[PDB]
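Spelled out, the chains give:
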Amino acid sequence: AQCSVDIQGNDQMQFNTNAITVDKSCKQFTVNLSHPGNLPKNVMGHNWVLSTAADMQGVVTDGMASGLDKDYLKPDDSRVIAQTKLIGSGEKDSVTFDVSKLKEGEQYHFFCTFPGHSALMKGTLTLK
Ligand SMILES: [Cu+2]
């Protein structure tokens, strides 16, 4: 069984997927984020952040207020189920999280919190 996904965030402010499914039989799930392109992190940095859909807008708003020095994520945000760091182009970051943290009968979204990106870089995450 597959318990990981590889996702690209590129210089056109896009994730290459907007829907991720996690098999409920995985104990852990790994997101491998890569950022192809040629822009530095301070122009077009991308992260991958998972929260409930109801928490998403707040996560994003608080992350932009947190600023570039904090990867545009509030530190220790307890609305964040899992996150990569912010990466510039040519970089990669993976996050692994326990599938036991997703609730059956909750809605989840992933997104990038770099300012403005979540209009395009957002998607759903579901248990299969
Ligand atoms: Cu981004």
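Residues numbered from 1 in each chain as written, not as in the entry; some residues may be left out. Heavy atoms only, no water.

Identification of the chain as Azurin from Pseudomonas aeruginosa is taken from the PDB entry. Looking at the Function heading of the UniProt record, one finds this comment for the chain: "Transfers electrons from cytochrome c551 to cytochrome oxidase." Its UniProt record gives the chain a comment under Subcellular location, which states: "Periplasm". (UniProt positions renumbered as here; feature names shortened; annotations may be inferred.)

K.L.:
What's the story with the environment of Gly 9 in this structure? I'm lost.
P.N.:
Looking at where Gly 9 falls in the secondary structure, it is placed in the loop between β1 (4-8) and β2 (19-22). By relative accessible area, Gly 9 is classed as buried at 0%. On a C-alpha basis, the gap between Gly 9 and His 35 in space is 5.0 Å, while along the polypeptide they are 26 residues apart. Apart from residues no more than four positions distant in its own chain, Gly 9 is found in contact with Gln 14, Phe 15, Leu 33, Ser 34, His 35, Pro 36, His 46 and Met 121. (Helix = DSSP H or I, 4+ residues; strand = E, 2+ residues; numbered from the N terminus. Buried < 20%, exposed > 50% of the residue type's maximum accessible area, 1.4 Å probe, protein only. Contact = heavy atoms within 4.5 Å.)

K.L.:
Help me understand the pairing of β2 in this model?
P.N.:
Successive side chains on a regular strand alternate, one facing one side of the sheet and the next facing the other. Of the two faces of β2, the one holding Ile 20 and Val 22 is buried and the one holding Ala 19 and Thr 21 is not buried anywhere. Two elements, β2 and strand β8 (residues 122-127), share four bridges in a ladder whose sense is parallel. Paired with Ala 19 across the bridge in β8 is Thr 124. (Pairing = 2+ DSSP bridges.)

K.L.:
Help me understand the coordination of the copper ion, please; the structure alone is not making it clear to me.
P.N.:
For a metal with four donors in a tetrahedral arrangement, the ideal angle between donors is 109.5 degrees, while six donors in an octahedron ideally sit at 90 or 180 degrees. Coordination sphere of the copper ion, protein contribution only: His 46 (ND1), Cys 112 (SG) and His 117 (ND1), at 2.1 to 2.2 Å. Between the donor residues of the copper ion, the gaps in sequence give the motif H-x65-C-x4-H. Each of the two residues, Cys 112 as well as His 117, counts as buried. (Donors = N, O, S within 2.8 Å, 3.2 Å for Na, K, Ca; no water.)

K.L.:
Looking at this structure, how should I read the packing of aromatic side chains?
P.N.:
The relative placement of two aromatic rings is captured by the distance of their centres and the angle of their planes. Tallied over the full model, the rule gives five aromatic pairs. Relative to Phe 110, the ring of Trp 48 lies with its centre 5.7 Å away and its plane at 25°, an arrangement referred to as stacked. Of the two residues, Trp 48 is situated in the loop between α1 (41-44) and β4 (49-52) and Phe 110 in strand β7 (residues 108-111); the sequence distance between them amounts to 62 residues. Note on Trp 48: relative accessible area 0%, which makes it buried. Here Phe 110 falls in the buried class, since its relative accessible area comes to 0%. Aromatic rings pair up to connect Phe 15, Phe 29, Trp 48, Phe 97 and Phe 110 into one cluster. (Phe/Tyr/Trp six-rings, centres within 6.5 Å; stacked < 30°, edge-to-face > 60°.)

K.L.:
Would you mind going over the nonpolar core with me for this structure?
P.N.:
As a rule of thumb, soluble globular proteins bury nonpolar side chains together. Counting 27 residues, the largest nonpolar core has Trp 48, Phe 97, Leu 102 and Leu 125 as its most contacted members. It is strand β3 (residues 28-35) that provides the largest number of residues to this core, a total of three residues. Grouped together as the second largest cluster of nonpolar side chains are seven residues, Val 49, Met 56, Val 59 and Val 80 included. (Core = buried A, V, L, I, M, F, W, Y, C linked by side-chain atoms within 4.5 Å.)

K.L.:
Whenever I open this one, the sheet that holds β3 confuses me. Can you help?
P.N.:
Consider a sheet: its strands pair through backbone hydrogen bonds, and that pairing is either parallel or antiparallel. An order of β1-β3-β6 is seen for the three strands of this open sheet, with the pairing classed as mixed. Each having just a single partner strand, β1 and β6 (91-98) make up the two edges of the open sheet. The mean inter-strand angle of the sheet, taken between neighbouring strand axes irrespective of direction, is 15°. (Axes fitted to C-alpha atoms, helices over the stretch in contact; angles between N-to-C directions.)

K.L.:
Before we go on, may I ask you to explain unusual backbone geometry in this structure?
P.N.:
In terms of backbone geometry, most residues other than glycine have negative phi values and most peptide bonds are trans. The backbone of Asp 71 sits at a positive phi, close to 60°, despite the residue not being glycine. Note on placement: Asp 71 falls in the loop between α2 (53-66) and β5 (82-83). Of note in the backbone geometry, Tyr 72 takes a positive phi value of approximately 55° without being a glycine. You can see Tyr 72 is positioned in the loop between α2 and β5. For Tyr 72, a relative accessible area of 13% puts it in the buried group.

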